[PDB]
Each structure stands twice: as C-alpha cells, then as structure tokens.
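**Student:** sequence, then the experimental structure. Questions to follow.
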Amino acid sequence: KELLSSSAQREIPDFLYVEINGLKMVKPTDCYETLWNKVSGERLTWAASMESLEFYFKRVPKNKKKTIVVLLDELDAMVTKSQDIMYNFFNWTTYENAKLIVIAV
DNA sequence: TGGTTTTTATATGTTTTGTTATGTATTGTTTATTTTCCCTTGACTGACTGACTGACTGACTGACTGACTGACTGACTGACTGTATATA
C-alpha cells in the first residue's frame, strides 16, 4: 500500500499487482488462466495460457511490456503433486529481457 | 464473396492389469542324545575228492612144432644098337 502511494508519486514506472490465493482457486494450473484473464481478460485453458505467456515473457522485449508484481500465498498445499506448476513459475523468473517482481509465502 | 461441415484440443469418465510393503504361520538350521536291526567276524558242520593201495588183461620175444618142400641118388624102363642067323 505504501508502494501504491509510491505509484502515486508518478516518478516510478507504473506496475500492477497480482493477488494469488491458490486456496481461493481450485485447480492449481488456473493460476495461468486467471493470469491471462486478468492481464488480458482473455479466456483459455492453462495449456494455451501459460504457453502464450512464455511467448508474452521472453519472446517480448521490454520497451512496452510492463513490470508486474506478484505474491504467492501458502504454497504447502498448492503444488502437492510434483511442483511442475511452481517449477514453471520459477523458470519464468530467470530472464534479463523480462522484468517481474515475485514473492511467495 | 458467404454460409457450413469436419477435425482437434481439452477435459473428464471407465476399465483392466500390474507394483510394492507388510505381519503371521510354517518350516528349516545347528547341536546333543538314544535305539535298531543290517553287516562283519568266527567257530561248527557236512560233503568232497587227491595220493596211496589193489589189479587185470592185452602186447612183443622164448622161438616151437611139425608138415612140407628141396637136392641127391639109385632103380628101372624105353630107345638105341650090335650079335646073330638064314638064303641065294
């Protein structure tokens, strides 16, 4: 919230929050779905959305792509099988042409 | 140009088959001890059969025996030949 007021400084580059309550989500691949349906409002399945999103991330340069900040909540039950989801996530977090602000709990 | 059909991706459901860990019961492993009848050890027992004692009848040398055969010698009978006798 203090960082929101810092966005209300209008001297830092505007960026956007993402609430992630996987516990207020059913199927833990819906992260990608809701991500696309809130960054675009466009509706797909995870196996299109995350892939279009990698396409959105590394294949896309900086000058128009936006900083986004995201924070994950209670990962102890989210990734219970093999953490391929969160593996994908942390695999997205390793670029130099893409910019993001990631956190978890 | 413009409407319609065909296939595909995502999502879920259905069914069969095969994988892993485990707790309980049976049975094996090692060691010590006693009994059983089969297999060695051996004298007794019963028929056996080798050397010694009897024996029994066919083979070669003792020639034998005795008839018969082989040379010699005289006896005898036939063939040869003289003495003799008779007639022209």
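**Tutor:** Yes, it's here. Numbers count the residues shown, from 1 in each chain, chains lettered A, B, ... in the order given.

**Student:** isn't residue A:99 up against residue A:65?
**Tutor:** Yes. The criterion here is CB atoms under 8 Å, and residue A:99 meets it with residue A:65 at 7.4 Å. C-beta: built from backbone N, CA, C; applies to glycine.

**Student:** tell me which element residue A:70 falls in.
**Tutor:** Using DSSP states H and E, residue A:70 sits in strand A:68-72.

**Student:** show me which positions of the following helix or strand past that strand end up buried.
**Tutor:** Sequence-wise, the next helix or strand downstream of strand A:68-72 (DSSP H and E) is helix A:84-92. Under the neighbour-count criterion of 16 or more other CB atoms under 10 Å, helix A:84-92 has A:85-86, A:88-89, A:92 buried.

**Student:** so what's the residue nearest the centre of chain A up against?
**Tutor:** Residue closest to the mean C-alpha point of chain A, counted by CA atoms, centre = their mean, is residue A:70 at 5.6 Å. Neighbouring residues of residue A:70 by CB atoms under 8 Å, 6 or more residues apart in numbering: A:17-18, A:20, A:100-103.

**Student:** paired strands for the strand holding residue A:70, with orientation please.
**Tutor:** Note on strand A:68-72: by DSSP bridges, its sheet partners are strand A:16-20 (parallel), strand A:101-104 (parallel).

**Student:** how far out from the middle of the chain is that strand?
**Tutor:** When C-alpha coordinates are averaged (CA atoms, centre = their mean, to the nearest Å), strand A:68-72 and its chain have centres 6 Å apart.

**Student:** could you dump that strand to PDB, C-alpha only?
**Tutor:** Output of strand A:68-72 as PDB, limited to C-alpha atoms (Å, rounded to 0.1, in the frame of the first residue of the first chain):
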ATOM      1  CA  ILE A  68       4.100  -6.700 -12.800                       C
ATOM      2  CA  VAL A  69       4.400  -7.600  -9.200                       C
ATOM      3  CA  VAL A  70       3.000 -10.900  -7.900                       C
ATOM      4  CA  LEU A  71       2.900 -12.700  -4.500                       C
ATOM      5  CA  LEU A  72       2.100 -16.400  -3.900                       C
END
